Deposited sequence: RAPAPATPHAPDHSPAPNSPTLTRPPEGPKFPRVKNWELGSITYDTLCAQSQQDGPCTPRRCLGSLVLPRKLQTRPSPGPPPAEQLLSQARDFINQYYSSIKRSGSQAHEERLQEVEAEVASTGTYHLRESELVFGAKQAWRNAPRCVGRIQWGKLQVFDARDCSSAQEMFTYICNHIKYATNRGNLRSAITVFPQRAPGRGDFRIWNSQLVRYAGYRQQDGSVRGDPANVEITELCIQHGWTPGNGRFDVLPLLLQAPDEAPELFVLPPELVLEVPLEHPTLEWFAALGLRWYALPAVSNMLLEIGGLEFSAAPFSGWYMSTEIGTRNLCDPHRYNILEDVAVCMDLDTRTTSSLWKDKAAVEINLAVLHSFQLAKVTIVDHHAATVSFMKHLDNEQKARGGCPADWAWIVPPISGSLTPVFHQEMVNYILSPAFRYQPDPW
């Protein structure tokens, strides 16, 4: 059945028919929904994902059935028959990476899907080479605060060997140092990776915002450590437009959100190291990273600096402080001339995206629980929009940590 999809603010109705093209089961069953879970609980098969993808591609450039389409399908058939695998042409890779982003149900930034700079790093044979690539990516994507979306794609997985991998989950991450006294100094989300870096030879700092080194690993080798040159790592000091004490808290965050541990799947080929970046939405930093209890957890501190009654929930001290902190992030990013989008502008743009996708493809897979921001949900138009979630390919997938 093609599901009915209603927006309850405007009363408007669409039908998702794009979900028919999913070939990959999600976690839900008619007996129970698991859409709030973060993680999911032959060569004939490669060949049919390859065919489907090459069809996607020739259709995308309007040359379906053409000589070139039919010859390219033979190339792939011929290559899989003989080798159990194949290779994509740069133009295909580029179309695949764009379509992976477009298909990502948890991304609120997808109106930007077509504007993606793809660096082909498949000609890479060492951790050293990977580092050089990763550095040019940072330089490009950062662009002196005028951030630009980008992916760099490292060599695909092959049956006969270990994967290329970036052990870090993002390219820029702040150390979290566990204390004898149980507590964490720095970002508690990164304690395990910090410890791995120390163990593979890094000399640690002891600050709340020590930028971490990369652990890059080429196939079947121990990973290697590379420190990022600080001048490549753009950071923004947090201040508040009206509250002067705020700056004194010493808070900061990096400009560049670059995911580096997700697998990119194209035409049934898999790219284990394929880091990608855009720009931040303020709530990611101001609400989750700084206010989550199991992150920097700065909410009391701020609320105490604001002289708020902390002794009861019903004063809404938590809510008031979170708002100011999100404000600080937006103000400081603007002042520093680094790209940021607030959650209202972002969600407005995502509604426009659903609408473009409805005309173009007949649907947009989307994960309501990740699209609605972590503060002021019902204040944003997406709260009120029903959404259908399902897995199209090309796709970004979660993968297990390599250790």
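Judged by missing C-alpha atoms, the gaps in the deposited chain sequence fall at residues 1 to 29, 71 to 81, listed in sequence order.
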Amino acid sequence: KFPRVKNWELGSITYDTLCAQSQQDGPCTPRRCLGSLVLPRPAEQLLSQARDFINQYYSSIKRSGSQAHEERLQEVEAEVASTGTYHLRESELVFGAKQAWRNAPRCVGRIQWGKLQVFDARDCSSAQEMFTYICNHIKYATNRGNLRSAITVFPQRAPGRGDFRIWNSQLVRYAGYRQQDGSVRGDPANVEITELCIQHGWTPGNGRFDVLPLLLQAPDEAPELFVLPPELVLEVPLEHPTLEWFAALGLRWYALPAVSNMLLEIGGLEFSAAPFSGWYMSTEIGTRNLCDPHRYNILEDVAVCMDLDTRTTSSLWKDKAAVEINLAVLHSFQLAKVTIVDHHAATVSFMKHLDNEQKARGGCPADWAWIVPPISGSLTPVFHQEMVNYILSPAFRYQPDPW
From here on, numbers count along this sequence of modelled residues.
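So that the term is clear: the rigid core is the largest set of C-alpha atoms that superpose within 1.5 Å between two forms.
Relative to the shown model and aligned on the rigid core, the C-alphas in 9 other deposited structures of this protein deviate most, among 1 to 9 and 392 to 400, for 1 to 9. In a rigid core superposition of the other structures in 9 other deposited structures of this protein, 132 to 140 and 156 to 164 differ in how far their CA atoms stray, and the farther one is 156 to 164.
The stretch with the higher mean CA B factor, choosing between 235 to 243 and 316 to 324, is 235 to 243. Stretches 79 to 87 and 276 to 284 differ in mean CA B factor, with 79 to 87 having the higher one. Of the candidates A97, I298, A104, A248, it is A248 whose Cα B-factor is highest according to the PDB record.
Highest CA B-factor among the listed residues (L228, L116, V329, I266): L228. In this PDB entry, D367 carries a Cα temperature factor that places it within the lowest third of its chain's modelled residues. In this PDB entry, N143 carries a Cα temperature factor that places it within the middle third of its chain's modelled residues. In this PDB entry, the Cα temperature factor of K1 sits in the top third of its chain's modelled residues, the highest group. In the deposited entry, the Cα temperature factor of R110 places it in the lowest third of its chain's modelled residues.
Placement of the Cα temperature factor of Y57 within the chain: middle third of the modelled residues, per the deposited record.
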